[PDB]
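*Asks:* For reference, this is upload.tsv, and it has TSV, C-alpha atoms and all ligand atoms.
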```tsv
chain	number	residue	atom	x	y	z
G	1	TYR	CA	-2.32	-2.09	-85.38
G	2	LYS	CA	0.98	-3.77	-84.54
G	3	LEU	CA	1.33	-7.45	-83.71
G	4	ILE	CA	4.68	-7.98	-81.99
G	5	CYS	CA	5.52	-11.68	-81.82
G	6	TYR	CA	8.25	-13.33	-79.80
G	7	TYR	CA	10.22	-16.36	-80.95
G	8	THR	CA	12.57	-18.05	-78.47
G	9	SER	CA	15.84	-19.57	-79.66
G	10	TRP	CA	15.80	-22.42	-77.16
G	11	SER	CA	12.53	-23.77	-78.55
G	12	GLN	CA	14.63	-25.49	-81.18
G	13	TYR	CA	15.78	-28.20	-78.75
G	14	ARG	CA	12.27	-29.36	-77.84
G	15	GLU	CA	11.74	-32.96	-78.96
G	16	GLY	CA	9.40	-34.18	-81.66
G	17	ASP	CA	6.69	-31.76	-82.72
G	18	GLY	CA	7.89	-29.45	-79.97
G	19	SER	CA	10.97	-28.56	-82.00
G	20	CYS	CA	10.40	-25.12	-83.53
G	21	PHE	CA	12.42	-23.18	-86.08
G	22	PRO	CA	12.22	-19.71	-87.59
G	23	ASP	CA	11.12	-21.24	-90.89
G	24	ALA	CA	7.96	-22.58	-89.24
G	25	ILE	CA	6.70	-19.00	-88.86
G	26	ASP	CA	3.88	-17.65	-91.02
G	27	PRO	CA	5.47	-14.48	-92.47
G	28	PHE	CA	2.16	-12.64	-92.74
G	29	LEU	CA	1.00	-13.41	-89.24
G	30	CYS	CA	2.76	-10.61	-87.33
G	31	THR	CA	3.96	-7.09	-88.16
G	32	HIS	CA	7.14	-7.43	-86.05
G	33	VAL	CA	8.87	-10.60	-84.92
G	34	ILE	CA	11.36	-10.43	-82.08
G	35	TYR	CA	14.13	-13.04	-81.81
G	36	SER	CA	14.50	-14.10	-78.20
G	37	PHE	CA	17.71	-13.20	-76.46
G	38	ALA	CA	21.05	-12.03	-77.60
G	39	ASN	CA	23.67	-11.85	-74.93
G	40	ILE	CA	26.20	-9.34	-73.64
G	41	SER	CA	29.90	-10.10	-73.83
G	42	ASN	CA	32.84	-7.94	-72.94
G	43	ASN	CA	30.25	-5.16	-72.94
G	44	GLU	CA	29.28	-5.90	-76.53
G	45	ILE	CA	26.00	-7.28	-77.81
G	46	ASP	CA	26.65	-10.90	-78.73
G	47	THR	CA	24.98	-14.16	-79.73
G	48	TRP	CA	23.67	-16.83	-77.40
G	49	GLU	CA	23.12	-20.31	-78.90
G	50	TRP	CA	25.78	-21.91	-81.08
G	51	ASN	CA	23.70	-21.64	-84.26
G	52	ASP	CA	22.25	-18.14	-83.89
G	53	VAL	CA	23.68	-16.57	-87.03
G	54	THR	CA	22.07	-19.47	-88.90
G	55	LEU	CA	18.70	-18.93	-87.26
G	56	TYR	CA	19.05	-15.13	-87.52
G	57	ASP	CA	19.41	-15.86	-91.19
G	58	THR	CA	16.45	-18.29	-91.37
G	59	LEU	CA	14.25	-15.86	-89.53
G	60	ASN	CA	15.23	-12.81	-91.56
G	61	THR	CA	14.63	-14.50	-94.91
G	62	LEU	CA	10.93	-14.41	-94.08
G	63	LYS	CA	11.13	-10.77	-95.22
G	64	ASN	CA	11.75	-12.12	-98.71
G	65	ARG	CA	8.17	-13.32	-98.67
G	66	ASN	CA	6.73	-10.39	-96.73
G	67	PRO	CA	8.69	-7.17	-97.36
G	68	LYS	CA	6.55	-5.29	-94.84
G	69	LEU	CA	7.88	-7.45	-92.05
G	70	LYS	CA	10.23	-6.03	-89.42
G	71	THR	CA	12.43	-8.07	-87.10
G	72	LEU	CA	14.11	-7.16	-83.81
G	73	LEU	CA	16.75	-8.82	-81.69
G	74	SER	CA	16.00	-8.62	-77.96
G	75	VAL	CA	18.73	-8.34	-75.29
G	76	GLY	CA	18.47	-9.56	-71.74
G	77	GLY	CA	15.93	-12.21	-70.89
G	78	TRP	CA	15.39	-14.28	-67.76
G	79	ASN	CA	18.39	-16.59	-67.69
G	80	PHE	CA	20.20	-13.25	-68.06
G	81	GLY	CA	21.05	-11.69	-64.69
G	82	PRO	CA	19.65	-8.18	-64.09
G	83	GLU	CA	22.81	-7.39	-62.11
G	84	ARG	CA	24.78	-7.81	-65.30
G	85	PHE	CA	22.38	-5.40	-66.97
G	86	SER	CA	22.89	-3.21	-63.94
G	87	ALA	CA	26.72	-3.25	-63.87
G	88	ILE	CA	26.69	-2.21	-67.52
G	89	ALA	CA	24.18	0.67	-67.39
G	90	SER	CA	25.73	2.44	-64.39
G	91	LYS	CA	29.20	3.01	-65.89
G	92	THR	CA	28.93	5.62	-68.65
G	93	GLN	CA	31.99	3.82	-70.05
G	94	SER	CA	30.78	0.20	-70.21
G	95	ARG	CA	27.39	1.56	-71.30
G	96	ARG	CA	28.77	3.59	-74.19
G	97	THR	CA	30.79	0.56	-75.31
G	98	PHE	CA	27.68	-1.62	-75.57
G	99	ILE	CA	25.72	1.04	-77.43
G	100	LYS	CA	28.32	1.67	-80.14
G	101	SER	CA	28.47	-2.12	-80.64
G	102	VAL	CA	24.77	-2.54	-81.32
G	103	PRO	CA	23.96	-0.95	-84.71
G	104	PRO	CA	26.72	-2.83	-86.58
G	105	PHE	CA	25.56	-6.10	-85.03
G	106	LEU	CA	21.95	-5.73	-86.15
G	107	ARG	CA	23.07	-4.33	-89.53
G	108	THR	CA	25.23	-7.40	-90.16
G	109	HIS	CA	22.43	-9.80	-89.31
G	110	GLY	CA	19.50	-8.10	-90.97
G	111	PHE	CA	17.59	-6.85	-87.93
G	112	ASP	CA	15.51	-3.67	-88.03
G	113	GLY	CA	15.88	-2.92	-84.34
G	114	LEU	CA	16.84	-3.77	-80.76
G	115	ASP	CA	14.47	-4.79	-77.97
G	116	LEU	CA	15.46	-4.25	-74.32
G	117	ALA	CA	14.40	-7.13	-72.15
G	118	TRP	CA	16.19	-5.91	-68.98
G	119	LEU	CA	14.29	-8.13	-66.62
G	120	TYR	CA	13.19	-5.81	-63.85
G	121	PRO	CA	15.46	-2.84	-62.96
G	122	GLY	CA	15.75	-1.98	-59.29
G	123	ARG	CA	15.11	1.15	-57.23
G	124	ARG	CA	18.78	1.91	-57.96
G	125	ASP	CA	18.62	1.36	-61.74
G	126	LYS	CA	15.74	3.63	-62.76
G	127	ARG	CA	18.09	6.54	-63.49
G	128	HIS	CA	20.53	4.47	-65.54
G	129	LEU	CA	17.83	2.53	-67.36
G	130	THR	CA	16.68	5.96	-68.58
G	131	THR	CA	20.16	7.01	-69.69
G	132	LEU	CA	20.60	3.77	-71.62
G	133	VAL	CA	17.35	4.25	-73.52
G	134	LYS	CA	18.28	7.89	-74.26
G	135	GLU	CA	21.87	7.53	-75.42
G	136	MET	CA	20.98	4.32	-77.25
G	137	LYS	CA	18.24	6.08	-79.20
G	138	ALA	CA	20.53	9.04	-79.75
G	139	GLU	CA	22.91	6.57	-81.36
G	140	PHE	CA	20.22	5.04	-83.59
G	141	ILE	CA	19.36	8.55	-84.78
G	142	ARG	CA	22.96	9.40	-85.58
G	143	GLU	CA	23.47	6.10	-87.41
G	144	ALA	CA	20.62	6.65	-89.87
G	145	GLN	CA	22.62	9.59	-91.20
G	146	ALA	CA	24.33	6.89	-93.24
G	147	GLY	CA	21.24	6.65	-95.41
G	148	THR	CA	19.85	3.39	-94.07
G	149	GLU	CA	16.47	3.15	-92.36
G	150	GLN	CA	16.63	4.09	-88.71
G	151	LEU	CA	16.84	1.11	-86.39
G	152	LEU	CA	13.88	0.72	-84.04
G	153	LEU	CA	14.15	0.57	-80.25
G	154	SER	CA	11.71	-1.01	-77.81
G	155	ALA	CA	11.49	-2.38	-74.31
G	156	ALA	CA	9.54	-5.21	-72.67
G	157	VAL	CA	8.22	-3.71	-69.43
G	158	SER	CA	6.92	-5.09	-66.14
G	159	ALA	CA	3.20	-4.73	-65.46
G	160	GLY	CA	3.40	-4.80	-61.67
G	161	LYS	CA	2.49	-1.49	-60.00
G	162	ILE	CA	5.32	-1.87	-57.51
G	163	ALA	CA	7.87	-2.78	-60.18
G	164	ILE	CA	6.85	0.20	-62.31
G	165	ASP	CA	7.15	2.60	-59.40
G	166	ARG	CA	10.41	1.08	-58.23
G	167	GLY	CA	12.51	1.10	-61.39
G	168	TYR	CA	10.82	2.84	-64.31
G	169	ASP	CA	10.82	6.48	-65.30
G	170	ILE	CA	7.98	5.94	-67.77
G	171	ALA	CA	7.43	9.58	-68.78
G	172	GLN	CA	11.05	9.83	-69.84
G	173	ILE	CA	11.55	6.56	-71.74
G	174	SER	CA	8.28	6.70	-73.69
G	175	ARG	CA	9.68	9.58	-75.73
G	176	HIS	CA	12.62	7.48	-76.89
G	177	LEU	CA	10.97	4.09	-77.33
G	178	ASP	CA	9.21	3.27	-80.58
G	179	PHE	CA	7.01	1.05	-78.44
G	180	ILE	CA	6.72	-0.43	-74.97
G	181	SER	CA	5.46	-3.97	-74.46
G	182	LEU	CA	3.52	-4.66	-71.27
G	183	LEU	CA	4.13	-8.00	-69.55
G	184	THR	CA	0.44	-8.31	-68.76
G	185	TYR	CA	0.60	-12.00	-67.94
G	186	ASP	CA	2.68	-12.25	-64.78
G	187	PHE	CA	0.20	-11.39	-62.00
G	188	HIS	CA	-0.01	-14.74	-60.23
G	189	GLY	CA	2.64	-17.40	-60.15
G	190	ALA	CA	5.79	-15.99	-58.47
G	191	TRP	CA	5.15	-18.61	-55.61
G	192	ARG	CA	1.75	-17.83	-53.79
G	193	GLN	CA	0.39	-20.96	-52.08
G	194	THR	CA	-3.19	-20.34	-53.23
G	195	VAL	CA	-4.45	-20.95	-56.73
G	196	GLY	CA	-4.92	-18.10	-59.16
G	197	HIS	CA	-4.92	-16.85	-62.74
G	198	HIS	CA	-1.74	-15.16	-64.01
G	199	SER	CA	-3.22	-13.10	-66.86
G	200	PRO	CA	-6.61	-11.81	-65.69
G	201	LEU	CA	-8.07	-9.01	-67.77
G	202	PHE	CA	-10.23	-7.33	-65.13
G	203	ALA	CA	-10.25	-6.82	-61.37
G	204	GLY	CA	-13.03	-9.24	-60.52
G	205	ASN	CA	-14.80	-8.68	-57.20
G	206	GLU	CA	-13.20	-11.73	-55.49
G	207	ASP	CA	-10.90	-12.54	-52.50
G	208	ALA	CA	-9.33	-9.13	-53.39
G	209	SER	CA	-6.58	-6.74	-52.31
G	210	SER	CA	-4.39	-7.22	-55.40
G	212	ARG	CA	-6.41	-4.43	-57.02
G	213	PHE	CA	-3.56	-3.62	-59.39
G	214	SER	CA	-3.15	-7.17	-60.72
G	215	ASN	CA	-4.88	-7.29	-64.11
G	216	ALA	CA	-4.11	-5.97	-67.60
G	217	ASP	CA	-6.76	-3.29	-67.16
G	218	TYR	CA	-5.14	-1.70	-64.09
G	219	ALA	CA	-1.64	-2.08	-65.49
G	220	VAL	CA	-2.74	-0.28	-68.64
G	221	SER	CA	-4.56	2.61	-66.98
G	222	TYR	CA	-1.57	3.23	-64.74
G	223	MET	CA	0.87	3.38	-67.66
G	224	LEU	CA	-1.36	6.00	-69.22
G	225	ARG	CA	-1.62	7.90	-65.94
G	226	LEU	CA	2.19	7.92	-65.82
G	227	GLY	CA	2.45	9.67	-69.18
G	228	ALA	CA	3.03	6.84	-71.65
G	229	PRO	CA	1.12	7.63	-74.89
G	230	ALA	CA	-1.47	5.03	-75.91
G	231	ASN	CA	0.08	4.82	-79.39
G	232	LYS	CA	3.27	3.40	-77.92
G	233	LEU	CA	1.68	0.84	-75.66
G	234	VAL	CA	1.42	-2.76	-76.74
G	235	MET	CA	-0.32	-5.18	-74.41
G	236	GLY	CA	1.11	-8.61	-73.75
G	237	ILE	CA	-1.00	-11.64	-74.51
G	238	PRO	CA	0.45	-14.98	-73.37
G	239	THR	CA	0.41	-18.18	-75.37
G	240	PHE	CA	1.20	-20.36	-72.38
G	241	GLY	CA	-0.67	-21.34	-69.26
G	242	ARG	CA	0.61	-21.73	-65.72
G	243	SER	CA	0.05	-25.00	-63.87
G	244	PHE	CA	-0.37	-25.93	-60.19
G	245	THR	CA	-0.29	-29.22	-58.35
G	246	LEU	CA	-3.31	-28.85	-56.10
G	247	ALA	CA	-2.91	-29.62	-52.39
G	248	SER	CA	-6.53	-30.62	-51.88
G	249	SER	CA	-9.62	-31.57	-53.87
G	250	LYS	CA	-10.66	-27.91	-53.82
G	251	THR	CA	-10.86	-26.07	-57.15
G	252	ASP	CA	-12.62	-22.69	-56.88
G	253	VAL	CA	-10.84	-19.38	-56.34
G	254	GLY	CA	-8.30	-19.41	-53.54
G	255	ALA	CA	-8.06	-23.23	-53.49
G	256	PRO	CA	-4.87	-24.42	-51.70
G	257	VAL	CA	-1.81	-25.22	-53.81
G	258	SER	CA	1.12	-27.51	-52.93
G	259	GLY	CA	3.49	-26.47	-55.71
G	260	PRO	CA	3.70	-26.01	-59.50
G	261	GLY	CA	2.27	-28.52	-61.94
G	262	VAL	CA	3.82	-31.54	-63.61
G	263	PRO	CA	5.89	-30.60	-66.66
G	264	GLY	CA	4.63	-30.70	-70.23
G	265	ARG	CA	5.92	-33.67	-72.22
G	266	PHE	CA	7.34	-31.22	-74.72
G	267	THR	CA	8.15	-28.06	-72.78
G	268	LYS	CA	9.77	-29.89	-69.90
G	269	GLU	CA	9.53	-26.94	-67.46
G	270	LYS	CA	7.38	-27.21	-64.34
G	271	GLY	CA	4.62	-24.67	-63.76
G	272	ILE	CA	4.27	-23.98	-67.47
G	273	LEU	CA	2.39	-25.62	-70.33
G	274	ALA	CA	2.44	-24.66	-74.01
G	275	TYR	CA	-0.93	-23.84	-75.56
G	276	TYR	CA	-0.68	-26.93	-77.74
G	277	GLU	CA	0.14	-29.07	-74.70
G	278	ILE	CA	-2.85	-27.43	-73.00
G	279	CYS	CA	-4.95	-28.42	-75.97
G	280	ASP	CA	-4.09	-32.06	-75.28
G	281	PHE	CA	-4.60	-31.58	-71.55
G	282	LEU	CA	-8.20	-30.49	-72.03
G	283	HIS	CA	-9.16	-33.98	-73.09
G	284	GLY	CA	-10.77	-35.44	-69.99
G	285	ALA	CA	-10.60	-32.18	-68.06
G	286	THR	CA	-13.12	-29.87	-66.42
G	287	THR	CA	-13.08	-26.39	-67.90
G	288	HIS	CA	-14.07	-23.27	-65.99
G	289	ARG	CA	-14.31	-19.52	-66.55
G	290	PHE	CA	-13.69	-16.60	-64.20
G	291	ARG	CA	-16.52	-14.48	-65.56
G	292	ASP	CA	-15.30	-11.41	-63.68
G	293	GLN	CA	-11.79	-11.44	-65.13
G	294	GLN	CA	-12.81	-13.22	-68.34
G	295	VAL	CA	-10.01	-15.80	-68.42
G	296	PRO	CA	-10.38	-19.61	-68.12
G	297	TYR	CA	-8.87	-22.54	-66.21
G	298	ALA	CA	-9.04	-26.31	-66.42
G	299	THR	CA	-8.56	-29.11	-63.94
G	300	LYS	CA	-8.00	-32.84	-64.20
G	301	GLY	CA	-6.82	-34.96	-61.29
G	302	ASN	CA	-4.62	-32.93	-58.95
G	303	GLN	CA	-3.72	-30.62	-61.83
G	304	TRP	CA	-5.07	-27.06	-62.07
G	305	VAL	CA	-4.19	-24.86	-65.08
G	306	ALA	CA	-4.63	-21.13	-65.69
G	307	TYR	CA	-4.58	-20.43	-69.42
G	308	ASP	CA	-5.79	-18.24	-72.29
G	309	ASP	CA	-7.95	-19.53	-75.14
G	310	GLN	CA	-9.39	-18.07	-78.34
G	311	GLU	CA	-12.23	-16.13	-76.71
G	312	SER	CA	-10.19	-14.83	-73.78
G	313	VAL	CA	-7.55	-13.78	-76.27
G	314	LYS	CA	-10.00	-12.10	-78.66
G	315	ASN	CA	-11.41	-10.31	-75.66
G	316	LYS	CA	-8.13	-8.83	-74.52
G	317	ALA	CA	-7.76	-7.92	-78.19
G	318	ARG	CA	-10.97	-5.89	-78.28
G	319	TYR	CA	-9.92	-4.24	-75.08
G	320	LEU	CA	-6.63	-2.82	-76.27
G	321	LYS	CA	-8.47	-1.63	-79.35
G	322	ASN	CA	-11.09	0.13	-77.26
G	323	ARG	CA	-8.49	1.92	-75.19
G	324	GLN	CA	-6.79	2.73	-78.48
G	325	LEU	CA	-3.41	1.11	-77.93
G	326	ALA	CA	-0.71	0.58	-80.55
G	327	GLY	CA	-1.38	-3.16	-80.65
G	328	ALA	CA	-0.85	-6.52	-78.98
G	329	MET	CA	2.21	-8.60	-78.06
G	330	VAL	CA	2.22	-12.40	-78.06
G	331	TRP	CA	4.77	-14.09	-75.88
G	332	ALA	CA	6.09	-17.23	-77.49
G	333	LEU	CA	4.92	-17.91	-81.04
G	334	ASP	CA	6.70	-21.17	-80.37
G	335	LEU	CA	4.24	-22.03	-77.58
G	336	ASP	CA	1.13	-21.54	-79.75
G	337	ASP	CA	-0.03	-24.47	-81.90
G	338	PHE	CA	2.44	-23.50	-84.62
G	339	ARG	CA	2.04	-26.86	-86.34
G	340	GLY	CA	-1.72	-26.41	-85.98
G	341	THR	CA	-2.15	-30.14	-85.34
G	342	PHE	CA	-2.57	-30.29	-81.55
G	343	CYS	CA	-5.67	-28.15	-80.94
G	344	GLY	CA	-8.32	-29.71	-83.16
G	345	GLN	CA	-9.71	-27.49	-85.94
G	346	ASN	CA	-6.65	-27.37	-88.22
G	347	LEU	CA	-5.48	-23.78	-87.98
G	348	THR	CA	-1.79	-22.98	-87.67
G	349	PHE	CA	-1.19	-20.55	-84.76
G	350	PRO	CA	-4.75	-20.41	-83.36
G	351	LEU	CA	-4.16	-17.90	-80.56
G	352	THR	CA	-2.02	-15.45	-82.53
G	353	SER	CA	-4.42	-15.76	-85.47
G	354	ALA	CA	-7.36	-15.04	-83.18
G	355	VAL	CA	-5.70	-11.82	-82.08
G	356	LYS	CA	-4.85	-10.84	-85.66
G	357	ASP	CA	-8.43	-11.27	-86.77
G	358	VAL	CA	-9.67	-8.91	-84.07
G	359	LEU	CA	-6.99	-6.34	-84.83
G	360	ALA	CA	-8.03	-6.57	-88.47
G	361	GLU	CA	-11.69	-5.67	-87.88
G	362	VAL	CA	-12.47	-1.98	-87.43
K	1	LIG	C1	25.24	-19.07	-73.74
K	1	LIG	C2	26.47	-18.18	-73.73
K	1	LIG	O1	27.25	-18.20	-74.68
K	1	LIG	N1	26.66	-17.42	-72.65
K	1	LIG	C3	27.91	-16.73	-72.48
K	1	LIG	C4	28.44	-16.98	-71.03
K	1	LIG	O2	29.71	-17.61	-71.10
K	1	LIG	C5	28.59	-15.76	-70.10
K	1	LIG	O3	27.81	-15.91	-68.91
K	1	LIG	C6	28.36	-14.40	-70.76
K	1	LIG	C7	29.26	-13.34	-70.19
K	1	LIG	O4	30.26	-12.98	-71.13
K	1	LIG	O5	28.65	-14.46	-72.16
K	1	LIG	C8	27.69	-15.25	-72.81
K	1	LIG	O6	27.74	-15.01	-74.18
K	2	LIG	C1	29.43	-14.74	-64.62
K	2	LIG	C2	29.15	-15.31	-66.00
K	2	LIG	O1	28.01	-15.70	-66.29
K	2	LIG	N1	30.17	-15.36	-66.84
K	2	LIG	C3	30.76	-16.64	-67.19
K	2	LIG	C4	32.26	-16.66	-66.85
K	2	LIG	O2	32.48	-17.12	-65.53
K	2	LIG	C5	33.01	-17.55	-67.86
K	2	LIG	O3	34.37	-17.71	-67.47
K	2	LIG	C6	32.92	-16.89	-69.24
K	2	LIG	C7	33.05	-17.82	-70.44
K	2	LIG	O4	33.67	-19.04	-70.08
K	2	LIG	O5	31.66	-16.20	-69.39
K	2	LIG	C8	30.60	-16.86	-68.68
K	2	LIG	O6	30.63	-18.22	-68.97
```
I'd like the structure from this file rewritten - as structure tokens, please.
Ligand SMILES: CC(=O)N[C@@H]1[C@@H](O)[C@H](O)[C@@H](CO)O[C@H]1O
Ligand SMILES: CC(=O)N[C@@H]1[C@@H](O)[C@H](O)[C@@H](CO)O[C@H]1O
*Replies:*
Amino acid sequence: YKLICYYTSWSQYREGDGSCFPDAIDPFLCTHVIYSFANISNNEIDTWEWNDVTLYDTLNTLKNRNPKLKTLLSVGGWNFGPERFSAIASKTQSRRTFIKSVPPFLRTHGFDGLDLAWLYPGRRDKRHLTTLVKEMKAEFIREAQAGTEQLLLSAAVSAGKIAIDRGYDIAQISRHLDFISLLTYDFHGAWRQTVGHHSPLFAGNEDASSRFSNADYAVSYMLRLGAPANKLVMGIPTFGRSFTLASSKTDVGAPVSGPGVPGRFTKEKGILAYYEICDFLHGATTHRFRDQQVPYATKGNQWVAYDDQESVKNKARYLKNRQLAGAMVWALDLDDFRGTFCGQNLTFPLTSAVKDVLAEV
């Protein structure tokens, strides 16, 4: 099984224990580690933070300890406009420029592959998104003629039924991608004035309609669309989403007035790192959606949807039972990487939990 783990560059600026560097990563934890967000400049893949080539370096040395490790640089991201991605893909010229600029870049920095994080292509981009994947992979094939191991190519893909139908020619791009990562953690959130869990596993017979909003549906659909199970990798979050309640109500559907207060370390509203969630639990009331098998806690006017060790192990058994290629953990830097925030001293509890399951039969 594969364990694709994301590391975000901007997690370096978090204060105190929040601060996270490539060197803080267990090199035997994952099978592939993806560095979060390179940019695009003058149609050429480029760096983002000032000290990226230093961190690229830090990160890639981990292979000195674990030679089986593979690293990938991911382009796009959120703070990266999809229009930009769009303007580039639609002009065979600007597109071709970008492509020819990629191999050398990764080769110079020690990466084994590129990861496309085009964040949500439109109805208009589907055709181009396909061309990009194709020609890009055609380039990676032609560049291995030089005797070096062929660079890998992957994409982080939306898990929303509408999004998939709108801008993804799945049957086509599965043939060129070494693996596809499903963003199976963005089902609630996106501003929706009722409370809810963002990464539910199952449907759960409750205040329904959103039938397609759960890893399980997302997955089945991908398979129905022609994507081979051995190329699918299911996303498992390491963060929780918060909500400032609008009333003393807590159960499903409870009214929400806006996102939650920021985490002292992550400083972004509506989101809490697993380790911050570990601290939050103290003095909180835990709950479990038995139908969807994912928990939530509450304390004061704060409601949090998150994933813990059991929920995570569960999703892990699931992908194994449907025979997928593996799991994907978003934000290794949001897990208890120091292993000193969540009690029982284990470094990277959530990711470890997943690894243990993947390591059983
Ligand atoms: C963080 C950073 O460096 N971003 C730059 C930015 O000036 C620009 O939006 C983009 C377009 O060329 O190029 C990026 O590399
Ligand atoms: C639209 C965009 O994001 N690109 C900006 C551009 O306005 C700026 O002049 C240049 C570097 O200074 O690249 C980015 O900073």
*Asks:* Which segment 24-64 of chain G residues have any atom within 10 Å of an atom of segment 75-85 of chain G, and for each, what is the nearest pair of atoms with distance in Å to one decimal, counting only C-alpha atoms, rows sorted by chain and number, as a tab-separated table?
*Replies:*
```
residue	atom	partner	partner_atom	distance
G:35	CA	G:75	CA	9.3
G:36	CA	G:77	CA	7.7
G:37	CA	G:75	CA	5.1
G:38	CA	G:75	CA	4.9
G:39	CA	G:75	CA	6.1
G:40	CA	G:75	CA	7.7
G:43	CA	G:84	CA	9.8
G:45	CA	G:75	CA	7.8
G:46	CA	G:75	CA	9.0
G:47	CA	G:75	CA	9.6
```
*Asks:* Which residues are close to residue 228 of chain G, i.e. within 10 Å by only C-alpha atoms, leaving aside same-chain residues fewer than 5 positions away? Reply as a ChimeraX atom specification.
*Replies:* /G:170-175,179-180,220-223,233
*Asks:* Measuring atom to atom with only C-alpha atoms and all ligand atoms, identify which of G:156, G:87, G:3, G:24 is nearest to ligand LIG 2 (chain K).
*Replies:*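 Once distances to ligand LIG 2 (chain K) are computed over only C-alpha atoms and all ligand atoms, the minimum belongs to G:87.
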*Asks:* Select, from G:105, G:98, G:50, G:21, the residue with the minimum atom-to-atom distance to ligand LIG 1 (chain K), counting only C-alpha atoms and all ligand atoms.
*Replies:* G:50
*Asks:* Do you have the atom CA of residue 6 of chain G-atom CA of residue 314 of chain G distance handy?
*Replies:*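 Distance between the two atoms: 18.3 Å.
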